[PDB]
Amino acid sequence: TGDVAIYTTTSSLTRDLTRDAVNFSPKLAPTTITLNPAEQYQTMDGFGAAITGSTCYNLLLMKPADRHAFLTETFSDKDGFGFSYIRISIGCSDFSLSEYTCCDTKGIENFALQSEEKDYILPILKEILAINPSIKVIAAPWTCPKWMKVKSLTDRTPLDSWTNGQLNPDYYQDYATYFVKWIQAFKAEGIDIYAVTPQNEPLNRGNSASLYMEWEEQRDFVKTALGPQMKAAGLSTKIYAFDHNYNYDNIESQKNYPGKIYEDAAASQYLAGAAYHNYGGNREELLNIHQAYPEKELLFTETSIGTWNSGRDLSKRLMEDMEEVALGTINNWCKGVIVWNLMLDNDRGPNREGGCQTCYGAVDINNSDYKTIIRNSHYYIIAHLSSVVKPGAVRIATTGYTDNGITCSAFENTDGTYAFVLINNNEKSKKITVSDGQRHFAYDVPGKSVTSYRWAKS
């Protein structure tokens, strides 16, 4: 205990979200980072991970108390790290236990939540809500029902495929109804959907489930059906555009995907902003979009670790992920950060043919005991945000000490606490002083570390 609460993680695991504390120093010093609460940037919604079918199946195979302890650690603000934003699929994802939608039988009248929601998703989200009742939930479809597809806008004949195709414009109003019924069926279970996107990775035709949707199609779906139908149903649910990569998969016509939709006033009126993933391109794109459309929101919604980037090796992952995913997106105006599967087993699953089969969880659980859990970089990068940066916090400017290896972000929470998150990507420890303009503290910041700080303003 003391004036300043600290969480520390080192890439060597000499520290592992280890708790510490210091008190304010009275009365002048070198290597000082100063918070300027007067210069305010975006307001923060939250941070967390995806609650997929696989994640739920793995949680549900644990002993109840063990499951509840893990969810508490993860999601409780007062007794854990306070993960504050989750992402789920509308119908299946590539980490569902099958390919399905909530209207597989032709006709929108047939709409219903399926066994995956009833048996896996809903019971897990209810336990999460019991722990953290204000958690934000964003959702997206991986595919529309198969009968709503055509092969292409050129060839408007049915495509009976979980992957590829485009949305038949004749079904835009019925697909919008699908979203409304889905949001409403979740609300009847006690779950508020905070936001949606129209389609996960709309420029991807592969995966185990997908639907190709160019910006012109998403513009039209939103302005003519999804926007108006959600508003008429009285939904506060926000809509984010895009939900794909920074480089737009190098498809010339689709560059500035969300910006092109914003320039249609009728579509733009329904759009909070844009969601991004980081599987291609450069995060500078976030600053480019923010500068072009500064009244539109940015959200970071998906990234992965796996066999392609030594995802289990924290000595290779922690620094880079905290830089690029966590503080790199937030310092480029993202209002939250959400990684992919919260939990997969040590066999990278369960998973789907055509989907990712080389992915690791934010944590991995051992499928011999459903007890032993190892945290991977994603769990740390999120917990380092969510433990100290609470919903409604405002990101604020910092000035003073920097060098190569030092990255930081500072915030002011609505409760009158400041929060500071600091990467020291240098082999050596650094005695850093942190000042809020009125009081200051100092701390021996370990090498190759992430440290998170929280303290009361005077």
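Note that residue numbering follows the sequence shown and begins at 1.
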Legend entry - Missing residues, deposited sequence, between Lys27 and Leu28 (class: none, 1 to 3, 4 to 9, 10 or more): 1 to 3
Inset, instruction - Take the C-alpha B-factors listed in the entry for 57-65 and for 29-37, compute each mean, and give the stretch with the larger one. - result: 29-37
Inset, instruction - Decide which of the stretches 366-374 and 230-238 has the higher mean C-alpha B-factor, going by the entry. - result: 230-238
Inset, instruction - Return the residue from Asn245, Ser161, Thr74, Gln218 that has the highest Cα B-factor in the entry. - result: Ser161
Inset, instruction - Go through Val339, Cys102, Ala266, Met343 one by one and give the residue whose Cα B-factor in the PDB entry is largest. - result: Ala266
Inset, instruction - Comparing against every modelled residue in the chain, figure out the third that the C-alpha B-factor of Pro198 lands in (lowest, middle or highest). - result: middle
Inset, instruction - Would you please rank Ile381 by its C-alpha temperature factor against the other modelled residues of its chain and give the third it falls in: lowest, middle or highest? - result: lowest
Legend entry - Entry-reported Cα temperature factor of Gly80, expressed as the chain third it lands in: lowest
Legend entry - B-factor third for the C-alpha atom of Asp94 within its chain: middle
Inset, instruction - Select lowest, middle or highest to describe the third in which the CA B-factor of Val22 falls within its chain in this entry. - result: highest
